[PDB]
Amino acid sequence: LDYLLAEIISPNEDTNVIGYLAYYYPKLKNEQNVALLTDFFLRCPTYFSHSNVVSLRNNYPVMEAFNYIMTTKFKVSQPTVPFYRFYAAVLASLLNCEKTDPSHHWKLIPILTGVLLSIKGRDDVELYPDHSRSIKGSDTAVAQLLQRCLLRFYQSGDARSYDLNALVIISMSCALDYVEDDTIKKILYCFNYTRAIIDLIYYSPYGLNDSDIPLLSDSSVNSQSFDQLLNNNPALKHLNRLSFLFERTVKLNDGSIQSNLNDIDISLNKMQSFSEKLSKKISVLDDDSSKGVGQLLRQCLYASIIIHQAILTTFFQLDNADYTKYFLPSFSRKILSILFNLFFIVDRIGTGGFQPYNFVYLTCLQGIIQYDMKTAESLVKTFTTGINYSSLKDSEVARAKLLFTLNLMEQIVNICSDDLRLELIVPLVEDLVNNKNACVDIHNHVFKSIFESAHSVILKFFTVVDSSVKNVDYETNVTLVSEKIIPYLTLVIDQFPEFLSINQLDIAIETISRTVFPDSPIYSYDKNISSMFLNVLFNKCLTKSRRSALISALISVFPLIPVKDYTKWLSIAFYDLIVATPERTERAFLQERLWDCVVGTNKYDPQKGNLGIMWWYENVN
């Protein structure tokens, strides 16, 4: 044995003490020797000499090692030394460390964490071992010991060490369920490690390092290079757990409002810095996101979101909307800027379904819309300054940025200022859907979402005339919608169904019909735009089935037709389009649609609806 023992007390530069340990612990044939090894291990100077010179890279693995050691020892069947006795031997040694060593705290914390992680792995193997009373005792001792160690550490002065704090912060994230609320509370009365969690994730060289990681920019990542990254940057193995440590910690913090709001600004500036840099690093990810850079950047986004949610929910504890008005806009500028820069990752999950993301996004958007529209307009202006056709072709990042930007314009185009809607948003989405920029072919597959979203913006733009915000010259908006509405209708029909679906056709005709037909600012301005609407749509009906869908859609707008012209168009539809339809199943479908429009006319205007019923039973068998 002692060949090993002596090498632990004075290693070389090539001895791997942890590796030795994972090897020999499970194979030891005698109980005393287990305690001995542990005793000697705690003297090893590679890990446990001076606190000034200890390295996170050296000490962090002790955590995994003990996770490993405990789990595999519990697995060995019929071992010469039973598990309970093995565990009692390790614990006696940890406890002896606590008694005799004034620097026991940061030394023991990874070991305790490790041993604790092993508890889950037991349930998989067996829940009823022969001596579980001992084991339960030992587990409690370890958890209790961990509480003492975490508190003594933050009370020691050693949390001022950048490396040891990282080590303990990571250990707490892996042991979080075993850390009691009073431990955390008592720690925060002494040293607030909240800012350091954000630092460790986003800025630290042990984490994402402000995104300055070569590997992220590498088009063909070896799994060995990735494993080497995770060992050099151990925080990257725990972004999620760290976010949870943050979530739970920030809730038990009793600090002043000024300082809580200042902690939020600092956290958000670091996250924005990482995210803005990250976008200059990457243009394309590979398709699997269950491994390597994809899994990592995904985990990074979940973490940033959990973090934003905790920031927002704790800020809402204030329960006072004057604070929301005064402060949320500025937080929202930052949070939306982070989501903009990370949108490419989000795009590969899907917005819908993922409650936290939507909570964060909507809270921030509703915030800026309700209390500071100038922030939203600035965000849009900034977002569209930094995008270019070349990047749109090369980069999934630039494309997700444009998407994110268009999704935001969709949300404010009808309530923002004239300058932004007219001189910026509308020119852009007209250019996209018409494909006017020869630098890019907008019908390329990669631009599907951009194109779809540009259409949504135009649609909302038309509703500008119903909104009632000030500093928007309604005559101008009415004139301009009047000029564009019918050309856009023509376009939408032309693009159906090659580039547009039935749903998108139905929505566009719902919205445009509602814009131009009566009880509307457009109608009161120029009744003749209604007429052109029907002329154009009727004509394309002549020139499942596409024709079926266009008539179905023409018929859909009949409720809105003024009384003088209403039954006229019923006839036009029935005689010119429906009976002129050769096949029964399609003729029958369109006939049932003509009925639906009569019924729907009735829901909306009983008296015009009755002209329909009269026309129906005078014309249709």
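Numbers for residues come from their place in the sequence shown, where the first is 1.
> Per the entry, how many residues of the deposited chain go unmodelled between residue 543 and residue 544: none, 1 to 3, 4 to 9, or 10 or more?
Gap size class: 10 or more residues without coordinates, per the record.
> Name the higher of the two by mean Cα B-factor in the PDB entry, 117-125 versus 507-515.
The entry gives the higher C-alpha B-factor average to 117-125.
> Looking only at CA atoms, which has the higher mean B factor in the entry: 370-378 or 333-341?
According to the entry, 370-378 carries the higher average C-alpha B-factor.
> Considering only 275, 260, 324, 134, which residue's Cα atom bears the greatest B-factor as recorded?
So the option with the highest C-alpha B-factor is 134.
> Looking at 456, 240, 434, 471, which has the highest Cα B-factor in the entry?
That would be 471, according to the entry.
> Determine, from the deposited record, the chain-internal third of the Cα B-factor for residue 177: lowest, middle or highest.
Lowest third - that is where residue 177 ends up once the chain's C-alpha B-factors are sorted.
> Which third of the chain holds residue 352 when residues are ordered by C-alpha B factor: lowest, middle or highest?
It falls in the top third of the chain.
> Divide the modelled residues of the chain into thirds by Cα B-factor and specify which third, lowest, middle or highest, holds residue 482.
Its C-alpha B-factor belongs to the highest third of this chain's values.
> Where does residue 443 sit by CA temperature factor within its chain: lowest, middle or highest third?
Middle third of the chain for residue 443's C-alpha B-factor.
> Please rank the C-alpha B-factors of the chain's modelled residues and tell me whether residue 210 sits in the lowest, middle or highest third.
As the PDB entry reports it, the C-alpha B-factor of residue 210 lands in the lowest third of its chain.
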